[PDB]
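Residue numbers (full-length UniProt numbering), protein chains in the order written: chain A, 6 to 161; chain B, 45 to 226, 235 to 250; chain C, 40 to 106. First comes the structure, then the notes that go with it.
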Amino acid sequence: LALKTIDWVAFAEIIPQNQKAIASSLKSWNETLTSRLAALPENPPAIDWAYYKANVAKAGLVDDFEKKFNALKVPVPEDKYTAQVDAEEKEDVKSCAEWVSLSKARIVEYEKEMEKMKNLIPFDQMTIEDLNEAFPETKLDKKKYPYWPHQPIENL
Amino acid sequence: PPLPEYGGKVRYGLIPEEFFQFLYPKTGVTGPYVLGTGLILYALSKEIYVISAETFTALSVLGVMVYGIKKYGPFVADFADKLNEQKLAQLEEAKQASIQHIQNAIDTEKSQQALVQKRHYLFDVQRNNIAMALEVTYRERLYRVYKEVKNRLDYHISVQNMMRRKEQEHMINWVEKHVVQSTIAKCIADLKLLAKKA
Amino acid sequence: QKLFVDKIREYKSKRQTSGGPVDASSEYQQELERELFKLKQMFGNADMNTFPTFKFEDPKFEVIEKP
Numbered sequence: 006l007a008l009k010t011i012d013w014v015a016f017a018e019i020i021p022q023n024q025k026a027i028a029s030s031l032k033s034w035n036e037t038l039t040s041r042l043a044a045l046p047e048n049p050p051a052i053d054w055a056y057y058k059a060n061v062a063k064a065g066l067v068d069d070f071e072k073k074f075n076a077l078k079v080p081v082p083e084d085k086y087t088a089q090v091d092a093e094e095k096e097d098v099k100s101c102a103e104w105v106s107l108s109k110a111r112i113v114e115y116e117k118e119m120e121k122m123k124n125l126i127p128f129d130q131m132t133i134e135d136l137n138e139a140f141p142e143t144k145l146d147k148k149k150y151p152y153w154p155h156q157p158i159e160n161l
Numbered sequence: 045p046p047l048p049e050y051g052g053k054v055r056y057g058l059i060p061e062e063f064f065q066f067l068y069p070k071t072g073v074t075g076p077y078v079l080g081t082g083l084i085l086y087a088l089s090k091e092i093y094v095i096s097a098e099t100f101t102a103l104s105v106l107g108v109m110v111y112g113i114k115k116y117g118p119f120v121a122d123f124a125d126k127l128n129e130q131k132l133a134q135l136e137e138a139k140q141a142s143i144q145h146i147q148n149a150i151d152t153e154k155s156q157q158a159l160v161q162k163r164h165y166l167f168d169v170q171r172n173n174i175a176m177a178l179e180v181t182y183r184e185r186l187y188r189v190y191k192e193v194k195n196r197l198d199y200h201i202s203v204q205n206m207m208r209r210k211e212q213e214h215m216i217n218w219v220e221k222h223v224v225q226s235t236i237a238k239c240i241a242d243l244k245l246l247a248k249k250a
Numbered sequence: 040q041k042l043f044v045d046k047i048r049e050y051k052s053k054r055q056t057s058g059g060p061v062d063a064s065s066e067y068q069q070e071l072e073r074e075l076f077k078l079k080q081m082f083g084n085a086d087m088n089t090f091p092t093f094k095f096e097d098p099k100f101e102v103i104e105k106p
């Protein structure tokens with residue numbers, strides 16, 4: 006009995022919106038199957054023979070029934086389903102690893118940028134060029150309005 | 045390159061304090077006033093400075109301008125400093141807001157990391173369902189086989205016992221309806245039992 | 040003792056059934072047939088005197104990976 010305990014809201018967080026129905030069906034399946042497994046014990050109570058040895062006056066019917074039962078090996082079904090989901094898991098892990106590395110790169114870059122902004126020049130000592138380089142939103146569009154004051158008059 | 049705080053310490057808006065301290069060790073508090081009055085009396089007397097309507101004018105203008113500064117000076121001063129401090133506060137708020145924006149971006153990316161880390165519950169749920177379904181099918185098979193074998197066994201023992209019942213009841217009814225057809237000896241026994249009344 | 044002579048003689052006559060498969064029953068078959076009929080077609084319909092055979096079904100399954 007190899008089961009993996011699970012959160013469920015953590016499951017709910019990681020369902021891309023294209024397949025919420027499939028996943029919800031899977032959750033329902035999980036719970037109904039758990040109940041079904043609880044709905045019956047592990048192994049059947051094997052029939053004793055004495056109660057039928059001393060009661061079934063039929064010749065060799067009880068005997069050969071018991072024996073062919075002993076001579077019966079119920080086919081334990083093999084999955085062939087798990088290995089492929091394992092491979093799918095593998096690929097997903099790879100994609101998540103590359104995505105997360107890219108995100109860590111973006112993260113350290115944001116960090117460097119924030120640190121630049123953190124090491125600012127005291128504003129009173131700051132030439133307009135340093136304000137410009139600190140915020141491109143403080144840069145006159147000398148291209149689109151080439152004459153003074155290079156911006157909408159009313160905007161002043 | 046910052047601005048030095050203050051100006052030059054001019055006096056009357058016409059003479060800087062450098063001149064007064066310049067003369068201080070030589071004639072001190074009586075130097076400049078005397079030099080000024082002497083020079084002005086000179087320029088008056090020797091027809092150096094002509095007195096005409098221009099005096100009327102320039103005195104009116106000096107008067108207007110002295111009243112002007114002395115009245116509306118503080119207002120323009122504090123308006124200037126208003127403009128400066130306001131621009132400064134606005135720049136500080138732009139800075140803080142940008143810092144906070146990028147910090148939010150960082151924390152959101154970290155959240156992305158946490159979730160895509162959490163991802164694997166999907167695959168372990170799939171695994172769980174697989175194994176559970178398999179063992180369910182197996183146990184169902186075992187109970188199927190035990191059920192069918194028990195069913196055949198019961199069936200046989202049941203028909204056996206039912207035949208036992210039917211034959212037994214038929215036998216007892218046979219013997220009752222058969223003994224009937226079969235001596236005053238019983239009558240003598242009746243008189244004996246009655247004699248046993250007491 | 041009437042019923043005691045009855046008991047002994049009738050018991051010795053009843054144990055005398057080695058020759059009688061239903062000991063001079065001569066009837067009650069008309070209902071015995073349908074009785075065991077009911078009992079059978081209530082327990083089942085197949086040959087309930089031979090060993091049980093077994094088919095085994097297998098589960099349904101799906102595409103599970105991201106589509």
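Positions of the beta carbon are idealized from the N, C-alpha and C atoms, including for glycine.
In whole angstroms, what is the alpha-carbon distance linking residue i and residue j?
i       : j       : result
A158(B) : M119(A) : 22 Å
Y86(B)  : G80(B)  : 10 Å
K191(B) : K9(A)   : 32 Å
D168(B) : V98(A)  : 13 Å
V61(C)  : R73(C)  : 17 Å
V193(B) : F76(C)  : 20 Å
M131(A) : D151(B) : 31 Å
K109(A) : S155(B) : 12 Å
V224(B) : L42(C)  : 10 Å
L127(B) : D129(A) : 13 Å
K73(A)  : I52(A)  : 13 Å
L88(B)  : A121(B) : 37 Å
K95(A)  : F16(A)  : 18 Å
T39(A)  : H214(B) : 54 Å
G107(B) : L67(B)  : 29 Å
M176(B) : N148(B) : 43 Å
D68(A)  : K58(A)  : 8 Å
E49(C)  : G65(A)  : 34 Å
So, is residue i buried or exposed, given that buried needs 16 or more other C-beta atoms within 10 angstroms?
i             : result
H200(B)       : buried
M109(B)       : exposed
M81(C)        : exposed
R54(C)        : exposed
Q170(B)       : buried
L166(B)       : buried
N160(A)       : exposed
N75(A)        : exposed
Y86(A)        : buried
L6(A)         : exposed
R196(B)       : buried
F70(A)        : buried
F100(C)       : exposed
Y56(A)        : exposed
residue 38(B) : In the structure as shown, chain B begins at 45 and stops at 250. Residue 38(B) is therefore absent and cannot be evaluated.
Let me check one thing: in DSSP terms, what residues is residue i bridge-paired to?
i      : result
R55(B) : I59(B)
I want to verify the contact list: residues of chain C whose CB lies under 9 Å from the CB of residue i, in sequence order.
i       : result
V193(B) : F90 and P91
What residues from chain B crowd round residue i, counting only those whose CB sits closer than 8 Å?
i      : result
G83(C) : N195 and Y199
What in chain A is Cβ-close to residue i, meaning under 7 Å?
i       : result
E104(C) : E93
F100(C) : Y86
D86(C)  : Within chain A, no residue comes near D86(C); the closest Cβ sits about 12 Å away, beyond 7 Å.
At a CB-CB cut-off below 7 Å, which residues of chain B make contact with residue i?
i       : result
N35(A)  : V169, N172 and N173
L125(A) : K139
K41(C)  : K238
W104(A) : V160
Show which residues of chain A have a CB atom less than 8 Å away from the CB atom of residue i.
i       : result
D45(C)  : Per Cβ cutoff of 8 Å: no residues; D45(C) is ~29 Å from chain A at best.
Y50(B)  : What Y50(B) touches in chain A: nothing, since even the nearest Cβ is about 15 Å away.
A149(B) : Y115
Output, in chain order, the set of chain E residues within a Cβ distance shorter than 7 Å of residue i.
i      : result
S64(C) : Any reference to chain E falls outside this structure, whose protein chains are A, B and C.
Using the beta-carbon of each residue, which ones in chain B are nearer than 9 Å to residue i?
i      : result
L45(A) : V180, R183, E184 and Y187
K53(C) : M215, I216, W218 and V219
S29(A) : Simply none; closest approach about 12 Å.
I'd like to confirm something about residue i: is its beta-carbon nearer than 7 Å to some heavy atom of the ligand COA, or not?
i       : result
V105(B) : The ligand COA is not part of the structure shown, which contains no ligands of any sort.
Please list the partners that residue i has in chain A, where partner means a Cβ-to-Cβ separation under 9 Å.
i      : result
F95(C) : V79, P80 and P82
Taking C-beta pairs closer than 7 Å, name the residues in chain C that residue i reaches, listed in chain order.
i       : result
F70(A)  : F90
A177(B) : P98
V90(A)  : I103
Determine the chain C residues that contact residue i at a beta-carbon separation under 8 Å, and present them in chain order.
i       : result
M206(B) : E74, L75 and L78
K210(B) : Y67, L71 and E74
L66(A)  : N88
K73(A)  : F90
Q22(A)  : Simply none; closest approach about 12 Å.
In chain order, what are the residue ranges of uninterrupted alpha helix (DSSP H) at least 4 long that sit wholly in the region 76 to 156 of chain A? 87 to 123 and 133 to 139
3-residue-minimum beta strand (DSSP E) runs that sit fully inside the region 29 to 60 of chain A, ordered along the chain: none
3-residue-minimum beta strand (DSSP E) runs that sit fully inside the region 97 to 125 of chain B, ordered along the chain: none
Can you give, in chain order, each stretch of the alpha helix (DSSP H) that sits fully within the region 64 to 97 of chain C and has at least 4 residues? 68 to 82
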